[PDB]
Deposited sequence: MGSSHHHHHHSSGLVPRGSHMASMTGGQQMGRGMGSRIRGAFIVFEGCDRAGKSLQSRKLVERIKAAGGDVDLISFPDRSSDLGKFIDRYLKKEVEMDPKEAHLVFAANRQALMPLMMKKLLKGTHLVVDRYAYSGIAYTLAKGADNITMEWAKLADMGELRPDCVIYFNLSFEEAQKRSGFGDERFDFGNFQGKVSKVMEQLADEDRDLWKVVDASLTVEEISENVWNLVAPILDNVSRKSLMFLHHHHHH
């Protein structure tokens, strides 16, 4: 067993996650490393195109409905992701189950709790590290992201997404690099 690391980037919209994920992937390749970039929702599947329609406000879904649909989109990619990590390929993943929970809880729907919202993604891979880009609807998403982060300060590392692009990139590298060495370990699951 020689496995890659599983790195998740989380945060509110506009936090520069998309760019910082491409940069981390570039640093890992500059270290001769094998790495793939995954982004959720995965819009390339049939369900992902439905989700894209949802995000464009062309189709509607209730809170619990939408929660399970975004989770199904993640569950769909677990065989591919497990194969890649086991081959030794690192995964950098932009948004994951935590976005799923935070965006679902921020809707304030009746009869949803955090305990309920954790059921949908059970069995999915657990990341070796979650990088949270810390920078209204987005305001309550951040509140949930803070509660998740403080629930598990082992997994969650918080970067200052207000600093410069190159500066954030540097701080992310400094957190992630020790993990790349240390994991080559059993897979962890939610």
Exercise for review: Would you mind checking the deposited sequence against the model and listing the stretches with no C-alpha coordinates?
Suggested key: 1-36, 172-190, 240, 247-252
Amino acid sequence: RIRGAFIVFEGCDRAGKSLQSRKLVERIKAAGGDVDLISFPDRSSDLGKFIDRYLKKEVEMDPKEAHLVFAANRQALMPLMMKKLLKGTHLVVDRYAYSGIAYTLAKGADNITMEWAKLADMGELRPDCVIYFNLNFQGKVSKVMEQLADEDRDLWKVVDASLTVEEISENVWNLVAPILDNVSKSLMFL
From here on, numbers count along this sequence of modelled residues.
Practice item. Report the stretch with the higher mean CA temperature factor, choosing between 116-124 and 101-109 on the basis of the entry. Key: 101-109
Point to revise | 30-38 or 158-166, whichever carries the higher mean Cα B-factor | key: 158-166
Check your understanding: When you compare the CA B-factors of 61, 47, 55, 141 as listed in the entry, which one comes out on top?
Key -> 141
Revision key, fill the gap. Of the three thirds of the chain ranked by Cα temperature factor, residue 74 occupies the lowest
Practice item. Looking at the entry's B-factor column for C-alpha atoms only, identify whether residue 153 ranks in the lowest, middle or highest third of its chain. Key: highest
Study note, to complete from the structure: Tertile call for residue 135 (CA temperature factor, within chain, third-based) is the highest
Practice item. Rank-wise, by C-alpha B-factor, drop residue 15 into the lowest, middle or highest third of its chain. Key: highest
Exercise for review: Consider only the C-alpha atoms of the modelled residues in this chain, order them by B-factor as the entry records it, and name the third containing residue 8: lowest, middle or highest.
Suggested key: lowest
